[PDB]
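Structure record follows, encoded as structure tokens.
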Amino acid sequence: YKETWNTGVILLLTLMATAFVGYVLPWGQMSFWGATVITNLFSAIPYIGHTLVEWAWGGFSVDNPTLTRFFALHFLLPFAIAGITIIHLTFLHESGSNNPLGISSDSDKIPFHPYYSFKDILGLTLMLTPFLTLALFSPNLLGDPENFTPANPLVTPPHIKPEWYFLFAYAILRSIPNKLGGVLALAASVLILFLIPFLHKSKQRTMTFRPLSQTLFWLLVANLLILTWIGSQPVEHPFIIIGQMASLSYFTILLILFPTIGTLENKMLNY
Amino acid sequence: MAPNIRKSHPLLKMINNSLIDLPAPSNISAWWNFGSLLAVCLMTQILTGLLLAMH
Amino acid sequence: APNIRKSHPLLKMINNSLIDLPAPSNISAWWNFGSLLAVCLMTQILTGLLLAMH
Amino acid sequence: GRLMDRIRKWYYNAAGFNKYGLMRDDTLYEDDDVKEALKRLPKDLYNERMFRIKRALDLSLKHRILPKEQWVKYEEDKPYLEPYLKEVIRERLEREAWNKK
Amino acid sequence: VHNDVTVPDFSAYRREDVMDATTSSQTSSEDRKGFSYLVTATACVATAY
Amino acid sequence: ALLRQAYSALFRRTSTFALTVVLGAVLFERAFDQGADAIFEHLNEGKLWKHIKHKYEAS
Amino acid sequence: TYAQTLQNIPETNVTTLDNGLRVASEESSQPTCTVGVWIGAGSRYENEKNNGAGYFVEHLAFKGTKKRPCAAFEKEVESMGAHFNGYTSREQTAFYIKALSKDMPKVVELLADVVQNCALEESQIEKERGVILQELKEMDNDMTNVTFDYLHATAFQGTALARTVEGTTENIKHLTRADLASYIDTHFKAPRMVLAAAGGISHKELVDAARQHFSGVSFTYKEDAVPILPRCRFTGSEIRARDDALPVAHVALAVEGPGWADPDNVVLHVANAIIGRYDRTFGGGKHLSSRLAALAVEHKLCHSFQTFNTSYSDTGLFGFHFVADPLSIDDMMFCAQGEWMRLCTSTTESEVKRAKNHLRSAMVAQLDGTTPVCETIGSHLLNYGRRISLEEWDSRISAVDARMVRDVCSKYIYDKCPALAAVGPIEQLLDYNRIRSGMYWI
Amino acid sequence: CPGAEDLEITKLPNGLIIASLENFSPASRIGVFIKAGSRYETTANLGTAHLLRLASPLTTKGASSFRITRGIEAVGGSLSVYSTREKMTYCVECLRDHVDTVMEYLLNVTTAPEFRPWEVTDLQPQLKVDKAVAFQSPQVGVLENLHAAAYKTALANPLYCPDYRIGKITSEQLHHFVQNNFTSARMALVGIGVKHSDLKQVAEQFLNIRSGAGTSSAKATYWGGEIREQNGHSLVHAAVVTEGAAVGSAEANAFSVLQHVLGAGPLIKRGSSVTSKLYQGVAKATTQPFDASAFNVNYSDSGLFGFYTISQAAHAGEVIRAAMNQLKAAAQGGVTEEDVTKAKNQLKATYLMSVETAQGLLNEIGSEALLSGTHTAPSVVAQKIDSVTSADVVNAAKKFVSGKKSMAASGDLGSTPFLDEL
Ligand code: HEM
Ligand code: HEM
Ligand code: HEM
Ligand code: HEM
Ligand SMILES: CC(/C=C/[C@@]1(C)[C@H](C)CCC(=O)[C@@H]1C)=C\Cc1c(O)c(Cl)c(C)c(C=O)c1O
Ligand SMILES: CC(/C=C/[C@@]1(C)[C@H](C)CCC(=O)[C@@H]1C)=C\Cc1c(O)c(Cl)c(C)c(C=O)c1O
Ligand SMILES: CC(/C=C/[C@@]1(C)[C@H](C)CCC(=O)[C@@H]1C)=C\Cc1c(O)c(Cl)c(C)c(C=O)c1O
């Protein structure tokens, strides 16, 4: 569902940018060093690079202007999210939802309400339970503590990690031991989502009836699950090696394997 | 004309035409519940967000 | 199909609400405030952000 | 050497679309050619393919499958669409090539 | 009938160069357009600035 | 005839029309700028620091 | 083989009688044949007060002469199995007869007796008055026509070409014996006529019969002078005749054409072949080579459409006409202009190759009978000056290619202000400004 | 360089006729004439002939729906199918250098059709259209009903598929109609602008399908009916006829001459047609506009003959009756030895001219080369024309006034007469 999908990817990137700048507002140690590293990423872009950083900061080193234009930015984006979400859902509606077996469900549709409205109310009370169990009983479980220490422009904490949801990328960035390569790998680590629709070779839509793709699919999940662990560990052996691996692994399972096993599977069905 | 005021009204025809009379496959699994949860989060984030922005 | 101005879920909107829109041939200048009002909004919003950043 | 056979038959039971009573062809994702092919299906073959599918969806909503007995068998799977589809794709390649000339 | 129908006189509005019913309006076209398109080209340059 | 020479070479082709607007906006700017600044500075002789300037400079 | 069969066709012989009349023919072993006199005089030649004379005349040229009244004329023709019929356009009238190759000479005399001694009995004139006034009530319900007239009517507005061939209602209601007379006198003159014939006839024996009955004399230089007409001005405009009570809508769009003389007319016709024409009963359907016909089929854009390259002495009309339902006029018009722009910008060699072969065949079907071959000869001398052979036409048609088509269509179509004529429930089609903008950027 | 050839005409062992004729025109026109048609239809497969006519552009065993159109279009060629209640004529027409190209499709269309269920059923809605455009001419509305009243079978079958049968025709009915009618013994592969050695080599080396009569048409019984169609339309069209003569029969020429004697459509634009008995006769009876003519149809095992009148709704009575007396008066010696000499020329003329157009010519060679595998010279046909005596004419005129009559009429018939009043 290409457009529904592409707007999705756009959503993801936007949510990421948002959550990032939010995390900078309390102006703690991560807040600062995060702000420093991420805006510094443009520095990898030749020429217009070192300048692009100047705006970003509003000065010649992170400071107050950065913090106010970040609060502005944070305040704004969520709405742009809500906006695009509307489009996401609109493109969707042209086609309709997909379903597990991946075969037309025109022979059997049902009114969203009360079937899925009730099902979603329930799905809500379920996510809500651990979300609240977490937020109420163990508040800081999921969050880095460096942000309890007011930013220090002179000291970068030794155990500087990003919020859990960015680790996997942080992991890849720390793989490529070259400024631009790491940056490109990082960009691609998310932007690669735009290519998925084009790397589809199976003659069937889902993996429900594709046991090989399934294994590959779950092998990929465990693959990310690892990068996250790696992202939470220091840049020392055996980690460094395990790291480069999982990354190399990530990009291969997506650009080479999947589309390959896919073709293979087609032949095994005699197509 | 339109009998019910659910299918004619320029607005309710929308709440109704995109979440109430919407055609949904009868077999979507729990993996399809994330759409709404994502949606709900957005509203919850935005709300709690403003409350904070006010301090 | 045929034109990508009337089918596209988006352009069908830019086109269906400001380009193929049926307008009375005799509206006077007192009808130009709708757009000016609109334009303000975008101008206000833009200059506003710029300021919120300081 | 019945290897390819041995494998295919394996993959066939591996997929498991037969547990729902679907023929290998009921699972094809409906792109442009497949859609055309289906319009060329004889009334009855189309109405049967429909039930098979409407039945598999109902199974899926219920989270069940057919009792082992009713499962399609690797050798009894009728490739009811395969030949239509191949013609659709052959008629298409002709056009495509003829417009470049 | 459609035979009794004719196109009124637009002399009150015609451009000087296509006022004469016996001269190829085609010669003065290149200009009539070049001028109107020059006004636009300028508006674009003025706004571009 | 410029109007015809222009139309035929510049305004006809919607691609060359653009090149004209750009190429033109460039020239128009550089000139409209000097002119206006020239008009303004003239209208305020000896009041601008550009004028006073030499009194505390170097030579 | 094609190439040769083209050069074998017997050349057309031409010889002029010292009174200006021109005689010409193509001899075949055909036992039957056709002969007629093609007069270069129509409605463009009429003024505002005599609009519809060339037509009021075409009606009486068969109701008898001075030498032989009605029944004697008709009877003398019918009884020998000949076919007398003709027509009259904006700038070219003609009267021709189809008969056995034996009556070749007896025919010539008949033709000459109509163009010179038309009776014009005033008993007949108050009858053909009610008859024409009737034919206008019929012709008026012919959309295709009501439309092309309105097209000229505004395309050449303010000039001579902007007039219908049938003329006004007031003219037909008041035209006098005098005017018809004076019209024949001023226009039906030797230097402006052409006796053409083809079939199994002796060019010689034809020219003789001519010298004998086609005998008018010329003293001054005036009589041997062929007037030059005051040029017609093309106006980019539109005329919208609306009636939402008509079943379908008719639309015609055109730009000014070059005129018979210009060689480009060849290219323009090749161009028109690429777009071609279509209509509800074409078996080809969705597979037709004409991109527009396809779309037409695919989306149900129309009931029919056709390109056209109408030429005149000094001017012309190059465009297209389609018929459609009220609710699809827009898309059709859209796709249509679209295909024109493709012409000016991205025509391929494949499209032209076919375009050429399609023209070549239409060019031969032009000469499928003695009447058609005679019509070609009649209108070739009268318009192109001499006779243009198929072998020649074909050489010109082969010379054309992509680059040529693009350069020429760009010449007469790109960024031009067209003339529009819409008739019927045309609400969906709209604004000249828009249609105008459809004239550039493919 | 090129001159004069000979109209050759072979006939292979299977009964397939091959009639060529090199006339060196820059264009050729090949055509397959067949003895098929709406008369071999039954109440069971009605309209299957009509649809077969539109199904000409459908995929065949050798060429595709797409490639047949694009293939013919590529060489400025053309395909067309004309048919009568008993004769189908598939034929192409291209420039000399492309005869081979346009042939393949002509061969593929007539001999190897597939009539694929889908193509076929996507095409059946066209019968709805094709029949609506044609039926715009009331002229074709009264002819349908005529043949219906004039017969009980075969020729009584409509030329355009009746409505109730639109969308109920099958690929089988198409196939079975082609297998049992397009048999080499009923087929003739004519051609113009072509050398016989080629047109022949193709017909043989390429053509096939079954041979031998196959199914045969059930001889047309005569009925003598009366179908009136009240429909408002201000102009009342009418046609009163009686069994005429068959094709090739002797008594034909006589009617053909009794045709031109009563008047067969004007020869002078906006004319008055004096040489037309019937016309003049009607004029001397009615005051307002009209037209009336000599109707003559020649079919294999039968024929039709009589007149046709177009008149205002009110003057329909006087016009039709006056049209009769004028036919009786000609049955009772009212024919000059001269009217017969003039009618003899008009007939030699009409024939001689109709063969100038490539279409009309190929259709002359064909028709004959299919109904006898021969070819009369335009010199022999000339004799048969004038070998008609002033008697034969007066006889045909009688055979009309005496035989049983059929009639068709459509319009505001309120003033039109019933057959049992003439
Ligand atoms: C603001 C973020 C997002 C929100 C709130 C959102 C919301 C929705 C909703 C409500 C649905 C419908 C219900 C469902 O099927 O889940 C949906 C469907 C979908 N979304 Fe999103 N979405 C988001 C992000 C994304 C992302 C990141 C992607 C792409 C990587 C994506 C891909 C899709 C697709 C493909 C569908 C169709 C699902 C199907 O096949 O049934 N969405 N989304
Ligand atoms: C896209 C939805 C949103 C996301 C993903 C989001 C995320 C975040 C994050 C990750 C933080 C840092 C939290 C922490 O660890 O302290 C944060 C803080 C904050 N956000 Fe948001 N936010 C969202 C919407 C909003 C909006 C729209 C507002 C207000 C209208 C808002 C205002 C703030 C403020 C004031 C803070 C800083 C103080 C604090 O951390 O409590 N947020 N946000
Ligand atoms: C954010 C404020 C507003 C904006 C940007 C806005 C914009 C527009 C626009 C663009 C139009 C169409 C063009 C026109 O007719 O002017 C319109 C029409 C209209 N607006 Fe507003 N509007 C605003 C406020 C209002 C207010 C305060 C009223 C009522 C007290 C109003 C009453 C109307 C009405 C009645 C129409 C129809 C105009 C007609 O009859 O043609 N608008 N508006
Ligand atoms: C509805 C459109 C808007 C209106 C009517 C508007 C109006 C105003 C007014 C009256 C003031 C006081 C101006 C003064 O100094 O006299 C102001 C100031 C300001 N507005 Fe807005 N505003 C609009 C949109 C925005 C938005 C959306 C932002 C930023 C995203 C913004 C940011 C500010 C800020 C930071 C100031 C205070 C500092 C200053 O006065 O320069 N405004 N606005
Ligand atoms: C995960 C990531 C960047 C993610 C972005 C930049 C995407 C590549 C594009 C869209 C976004 O806006 C994200 C914030 C960078 C790695 C990364 C971090 O996130 C953070 Cl918080 C820190 C403190 C460091 C320190 O070294 C880091 O290397
Ligand atoms: C955002 C949402 C539902 C939201 C609430 C807010 C309802 C409007 C009322 C009751 C609730 O609380 C739901 C969570 C549904 C999103 C949503 C969709 O847009 C679409 Cl097209 C589909 C096919 C589904 C299928 O499950 C879906 O969940
Ligand atoms: C806001 C706007 C137009 C805005 C711009 C921004 C265009 C999108 C492109 C070019 C411009 O610069 C316009 C000012 C038009 C508002 C607007 C409307 O919404 C509607 Cl329903 C109507 C009937 C009119 C009639 O005049 C109108 O002006």
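Residue numbers start at 1 in each chain; chains themselves are named A, B, ... in the order of the structure tokens; ligands are numbered from 1 in the order shown.
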
Q: Set the cut-off to 12 Å, count only C-alpha atoms and all ligand atoms, and list whatever residues fall near ligand 4 as a VMD selection string.
A: (chain A and resid 68 to 69 71 to 77) or (chain C and resid 37 to 54)

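Residues of protein or nucleic acid lying within 6 Å of ligand 2, counting only C-alpha atoms and all ligand atoms, are residues 15, 18, 19, 22, 23, 25, 26, 75 and 78 of chain A; 42, 45, 46, 49, 50, 52 and 53 of chain B.
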
Go through chain D and flag each residue having an atom no more than 10 Å from chain G; for those, report the closest pair of atoms plus their distance in Å to one decimal, using only C-alpha atoms, ordered by chain and rising number, as CSV.
```
residue,atom,partner,partner_atom,distance
D:95,CA,G:287,CA,9.4
D:99,CA,G:350,CA,8.9
D:100,CA,G:350,CA,8.8
D:101,CA,G:350,CA,6.9
```

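Taking only C-alpha atoms and all ligand atoms into account, every polymer residue with at least one atom at most 6 Å away from ligand 1 is listed here: residues 1, 4, 5, 8, 9, 11, 12, 81, 85, 97 and 98 of chain A; 32, 33, 34, 35, 36, 38 and 39 of chain B.
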
Residues of the last selection are to be written out with N, CA, C and O atoms, as a short mmCIF file (atom, residue, chain, number, x, y, z; two decimals), in the first residue's frame.
```cif
data_model
loop_
_atom_site.label_atom_id
_atom_site.label_comp_id
_atom_site.auth_asym_id
_atom_site.auth_seq_id
_atom_site.Cartn_x
_atom_site.Cartn_y
_atom_site.Cartn_z
N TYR A 1 0.88 -1.15 0.00
CA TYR A 1 0.00 0.00 0.00
C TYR A 1 0.93 1.21 0.00
O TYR A 1 0.81 2.08 0.86
N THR A 4 0.26 4.75 1.66
CA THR A 4 -0.07 4.63 3.07
C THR A 4 1.23 4.37 3.78
O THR A 4 1.47 4.95 4.83
N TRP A 5 2.07 3.52 3.18
CA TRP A 5 3.38 3.18 3.72
C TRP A 5 4.36 4.36 3.76
O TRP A 5 4.87 4.71 4.83
N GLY A 8 3.79 6.67 6.24
CA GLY A 8 4.13 6.05 7.50
C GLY A 8 5.57 6.37 7.83
O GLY A 8 5.88 6.96 8.87
N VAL A 9 6.46 5.98 6.93
CA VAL A 9 7.88 6.24 7.13
C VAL A 9 8.10 7.70 7.53
O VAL A 9 8.87 7.99 8.45
N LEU A 11 6.01 9.61 8.99
CA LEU A 11 5.54 9.73 10.36
C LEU A 11 6.64 9.33 11.32
O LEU A 11 7.00 10.12 12.20
N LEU A 12 7.19 8.12 11.14
CA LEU A 12 8.30 7.60 11.96
C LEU A 12 9.44 8.63 12.12
O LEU A 12 9.84 8.97 13.25
N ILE A 81 2.43 15.97 12.96
CA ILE A 81 2.28 14.53 12.98
C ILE A 81 0.81 14.23 12.80
O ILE A 81 0.44 13.48 11.88
N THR A 85 -0.85 12.13 9.91
CA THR A 85 -1.61 10.95 10.29
C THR A 85 -2.93 10.91 9.50
O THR A 85 -3.34 9.85 9.02
N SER A 97 -8.21 -1.96 4.61
CA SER A 97 -7.17 -2.65 5.35
C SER A 97 -6.80 -3.94 4.70
O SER A 97 -7.54 -4.54 3.93
N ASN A 98 -5.60 -4.37 5.03
CA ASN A 98 -5.09 -5.63 4.54
C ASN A 98 -5.56 -6.64 5.63
O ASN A 98 -6.20 -6.25 6.61
N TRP B 32 -3.34 -5.49 14.29
CA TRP B 32 -3.92 -4.34 13.63
C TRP B 32 -4.38 -3.29 14.63
O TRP B 32 -4.79 -2.22 14.25
N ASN B 33 -4.30 -3.60 15.92
CA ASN B 33 -4.72 -2.67 16.97
C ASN B 33 -3.70 -1.59 17.21
O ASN B 33 -3.95 -0.68 17.98
N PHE B 34 -2.55 -1.66 16.58
CA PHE B 34 -1.57 -0.64 16.87
C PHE B 34 -1.88 0.69 16.22
O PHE B 34 -1.47 1.74 16.71
N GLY B 35 -2.64 0.65 15.14
CA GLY B 35 -3.00 1.89 14.49
C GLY B 35 -3.68 2.83 15.50
O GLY B 35 -3.25 3.97 15.71
N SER B 36 -4.73 2.34 16.14
CA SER B 36 -5.44 3.16 17.09
C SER B 36 -4.59 3.54 18.29
O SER B 36 -4.64 4.69 18.75
N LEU B 38 -1.49 3.97 18.35
CA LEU B 38 -0.56 5.00 17.93
C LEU B 38 -1.30 6.30 17.95
O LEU B 38 -0.78 7.31 18.44
N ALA B 39 -2.53 6.26 17.44
CA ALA B 39 -3.40 7.42 17.39
C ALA B 39 -3.67 7.92 18.78
O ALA B 39 -3.47 9.10 19.07
#
```

Q) Using the chain letters and numbers from this document, which residues of region 279-329 of chain H does DSSP assign to helix (DSSP H, G or I), as a PyMOL selection string? A) chain H and resi 279-283+316-328

Q. Do you know which residues are within 6 Å of ligand 3 using only C-alpha atoms and all ligand atoms? Can you write them as a ChimeraX atom specification?
A. /C:31-35,37-38

Please write the residues from the selection above to a file, keeping N, CA and C atoms, as a PDB file, in the first residue's frame.
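New file result04.pdb:
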```
ATOM      1  N   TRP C  31     -14.938  40.331  -2.265  1.00  0.00           N
ATOM      2  CA  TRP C  31     -14.817  38.892  -2.132  1.00  0.00           C
ATOM      3  C   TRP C  31     -13.353  38.502  -1.974  1.00  0.00           C
ATOM      4  N   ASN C  32     -12.459  39.467  -2.166  1.00  0.00           N
ATOM      5  CA  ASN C  32     -11.019  39.231  -2.036  1.00  0.00           C
ATOM      6  C   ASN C  32     -10.506  39.147  -0.607  1.00  0.00           C
ATOM      7  N   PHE C  33     -11.366  39.377   0.373  1.00  0.00           N
ATOM      8  CA  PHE C  33     -10.907  39.329   1.748  1.00  0.00           C
ATOM      9  C   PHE C  33     -10.747  37.918   2.277  1.00  0.00           C
ATOM     10  N   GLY C  34     -11.440  36.975   1.649  1.00  0.00           N
ATOM     11  CA  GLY C  34     -11.317  35.599   2.080  1.00  0.00           C
ATOM     12  C   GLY C  34      -9.866  35.179   1.975  1.00  0.00           C
ATOM     13  N   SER C  35      -9.304  35.342   0.787  1.00  0.00           N
ATOM     14  CA  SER C  35      -7.923  34.981   0.563  1.00  0.00           C
ATOM     15  C   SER C  35      -6.957  35.837   1.381  1.00  0.00           C
ATOM     16  N   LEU C  37      -7.466  37.143   4.181  1.00  0.00           N
ATOM     17  CA  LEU C  37      -7.575  36.638   5.543  1.00  0.00           C
ATOM     18  C   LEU C  37      -6.722  35.387   5.669  1.00  0.00           C
ATOM     19  N   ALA C  38      -6.862  34.505   4.685  1.00  0.00           N
ATOM     20  CA  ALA C  38      -6.100  33.271   4.629  1.00  0.00           C
ATOM     21  C   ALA C  38      -4.609  33.592   4.602  1.00  0.00           C
TER      22      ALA C  38
END
```

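One finds CA of residue 409 (chain G) at 13.5 Å from CA of residue 348 (chain G).
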
Q | Exercise answer, chain D residues close to chain B, 10 Å and only C-alpha atoms, as number ranges by chain | A | D: 56-63

Take the residues that were just selected and, keeping N, CA and C atoms, output them as a PDB file, in the first residue's frame.
```
ATOM      1  N   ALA D  56     -11.971 -19.394   4.235  1.00  0.00           N
ATOM      2  CA  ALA D  56     -10.647 -19.302   4.849  1.00  0.00           C
ATOM      3  C   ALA D  56     -10.584 -18.048   5.722  1.00  0.00           C
ATOM      4  N   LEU D  57     -11.231 -16.971   5.294  1.00  0.00           N
ATOM      5  CA  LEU D  57     -11.236 -15.751   6.092  1.00  0.00           C
ATOM      6  C   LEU D  57     -12.021 -16.012   7.364  1.00  0.00           C
ATOM      7  N   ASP D  58     -13.165 -16.663   7.224  1.00  0.00           N
ATOM      8  CA  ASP D  58     -13.966 -16.957   8.391  1.00  0.00           C
ATOM      9  C   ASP D  58     -13.169 -17.821   9.378  1.00  0.00           C
ATOM     10  N   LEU D  59     -12.353 -18.744   8.854  1.00  0.00           N
ATOM     11  CA  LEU D  59     -11.506 -19.593   9.699  1.00  0.00           C
ATOM     12  C   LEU D  59     -10.562 -18.663  10.429  1.00  0.00           C
ATOM     13  N   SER D  60      -9.814 -17.868   9.675  1.00  0.00           N
ATOM     14  CA  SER D  60      -8.880 -16.916  10.264  1.00  0.00           C
ATOM     15  C   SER D  60      -9.458 -15.969  11.340  1.00  0.00           C
ATOM     16  N   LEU D  61     -10.727 -15.564  11.238  1.00  0.00           N
ATOM     17  CA  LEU D  61     -11.290 -14.666  12.251  1.00  0.00           C
ATOM     18  C   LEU D  61     -11.510 -15.473  13.525  1.00  0.00           C
ATOM     19  N   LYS D  62     -11.815 -16.750  13.331  1.00  0.00           N
ATOM     20  CA  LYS D  62     -12.074 -17.680  14.425  1.00  0.00           C
ATOM     21  C   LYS D  62     -10.800 -18.257  15.035  1.00  0.00           C
ATOM     22  N   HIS D  63      -9.696 -18.154  14.302  1.00  0.00           N
ATOM     23  CA  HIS D  63      -8.414 -18.676  14.756  1.00  0.00           C
ATOM     24  C   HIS D  63      -8.377 -20.192  14.762  1.00  0.00           C
TER      25      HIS D  63
END
```

(Q) Using only C-alpha atoms and all ligand atoms, which residues of the polymer chains come no farther than 7 Å from ligand 6? I'd like the answer as number ranges by chain. (A) A: 89, 92-93, 96-97, 112, 116-117, 120-121, 124; B: 18-19, 24, 32-33, 35-37, 39-40

Output C-alpha atoms of each residue in that selection to a file, as a compact mmCIF listing (two decimals), in the first residue's frame.
```
# COMPACT_ATOMS: atom_id res chain seq x y z
CA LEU A 89 -5.35 7.20 7.06
CA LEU A 92 -5.37 3.90 3.42
CA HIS A 93 -9.11 4.31 2.88
CA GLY A 96 -9.03 -0.68 2.73
CA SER A 97 -7.17 -2.65 5.35
CA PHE A 112 -15.80 -0.97 12.02
CA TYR A 116 -13.28 -3.03 15.90
CA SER A 117 -14.28 -0.13 18.11
CA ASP A 120 -9.69 -1.34 20.13
CA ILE A 121 -11.12 -0.25 23.46
CA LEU A 124 -6.27 0.03 24.77
CA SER B 18 -14.30 6.97 8.36
CA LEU B 19 -14.96 5.21 11.68
CA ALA B 24 -13.14 -3.64 7.76
CA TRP B 32 -3.92 -4.34 13.63
CA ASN B 33 -4.72 -2.67 16.97
CA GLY B 35 -3.00 1.89 14.49
CA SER B 36 -5.44 3.16 17.09
CA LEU B 37 -2.97 2.89 19.94
CA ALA B 39 -3.40 7.42 17.39
CA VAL B 40 -4.40 7.43 21.03
```

Q: Check every protein, DNA and RNA residue against ligand 5, keep those with an atom at most 10 Å away (counting only C-alpha atoms and all ligand atoms), and present them as a ChimeraX atom specification.
A: /A:10,12-21,23-24,29-42,156-157,159-174,182-191,231

Same residues, C-alpha atoms, saved as a JSON list (two decimals), in the first residue's frame:
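Result written to part-v2.json:
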```
[["chain", "number", "residue", "atom", "x", "y", "z"],
["A", 10, "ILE", "CA", 7.52, 10.06, 7.13],
["A", 12, "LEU", "CA", 8.30, 7.60, 11.96],
["A", 13, "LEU", "CA", 11.01, 10.12, 11.06],
["A", 14, "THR", "CA", 8.84, 12.96, 12.45],
["A", 15, "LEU", "CA", 8.08, 11.13, 15.70],
["A", 16, "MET", "CA", 11.84, 10.51, 16.04],
["A", 17, "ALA", "CA", 12.78, 14.13, 15.52],
["A", 18, "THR", "CA", 10.07, 15.10, 18.01],
["A", 19, "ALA", "CA", 11.04, 12.68, 20.77],
["A", 20, "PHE", "CA", 14.57, 13.81, 20.26],
["A", 21, "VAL", "CA", 14.11, 17.52, 20.84],
["A", 23, "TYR", "CA", 14.49, 14.93, 25.47],
["A", 24, "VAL", "CA", 16.66, 18.09, 25.13],
["A", 29, "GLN", "CA", 23.57, 15.96, 30.56],
["A", 30, "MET", "CA", 22.10, 13.82, 27.85],
["A", 31, "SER", "CA", 19.95, 16.72, 26.76],
["A", 32, "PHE", "CA", 23.09, 18.70, 26.02],
["A", 33, "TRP", "CA", 25.44, 16.15, 24.56],
["A", 34, "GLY", "CA", 22.59, 14.74, 22.54],
["A", 35, "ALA", "CA", 21.87, 18.20, 21.14],
["A", 36, "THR", "CA", 25.58, 18.52, 20.34],
["A", 37, "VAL", "CA", 26.00, 15.24, 18.49],
["A", 38, "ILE", "CA", 22.83, 15.20, 16.47],
["A", 39, "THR", "CA", 23.06, 18.78, 15.20],
["A", 40, "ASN", "CA", 26.72, 17.94, 14.48],
["A", 41, "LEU", "CA", 25.60, 15.28, 12.07],
["A", 42, "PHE", "CA", 25.06, 17.89, 9.33],
["A", 156, "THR", "CA", 30.79, 14.53, 28.37],
["A", 157, "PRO", "CA", 29.55, 11.70, 30.64],
["A", 159, "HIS", "CA", 28.35, 6.36, 29.85],
["A", 160, "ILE", "CA", 26.55, 8.47, 27.24],
["A", 161, "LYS", "CA", 23.77, 6.50, 25.56],
["A", 162, "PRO", "CA", 20.58, 7.80, 23.84],
["A", 163, "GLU", "CA", 17.05, 6.90, 24.91],
["A", 164, "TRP", "CA", 16.37, 3.21, 24.42],
["A", 165, "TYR", "CA", 14.44, 3.66, 21.19],
["A", 166, "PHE", "CA", 17.43, 5.09, 19.35],
["A", 167, "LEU", "CA", 20.09, 2.64, 20.50],
["A", 168, "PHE", "CA", 19.81, 0.35, 17.47],
["A", 169, "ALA", "CA", 20.80, 3.30, 15.23],
["A", 170, "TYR", "CA", 23.41, 4.53, 17.69],
["A", 171, "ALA", "CA", 24.73, 1.02, 17.41],
["A", 172, "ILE", "CA", 25.08, 1.23, 13.65],
["A", 173, "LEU", "CA", 26.64, 4.71, 13.81],
["A", 174, "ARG", "CA", 29.37, 3.30, 16.05],
["A", 182, "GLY", "CA", 28.75, 6.11, 9.88],
["A", 183, "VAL", "CA", 26.49, 9.03, 9.11],
["A", 184, "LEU", "CA", 25.34, 7.51, 5.84],
["A", 185, "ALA", "CA", 24.82, 4.09, 7.49],
["A", 186, "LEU", "CA", 22.77, 5.81, 10.18],
["A", 187, "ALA", "CA", 20.61, 7.65, 7.67],
["A", 188, "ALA", "CA", 20.10, 4.52, 5.67],
["A", 189, "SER", "CA", 19.33, 2.52, 8.81],
["A", 190, "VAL", "CA", 15.87, 4.16, 8.74],
["A", 191, "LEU", "CA", 15.55, 5.47, 5.21],
["A", 231, "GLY", "CA", 24.12, 0.27, 21.63]]
```

Q) Contacts of residue 12 (chain F) at 9 Å or less, counting only C-alpha atoms, minus same-chain residues fewer than 5 places along, as a list in words? A) residues 33, 34 and 37 of chain E; 6, 7 and 17 of chain F; 414, 415 and 440 of chain G

Q. If we count only C-alpha atoms, what is near residue 1 (chain E) at a cut-off of 10 Å, once residues fewer than 4 positions away on the same chain are taken out, given as a VMD selection string?
A. (chain E and resid 5) or (chain G and resid 136 to 141 146 168 to 169)
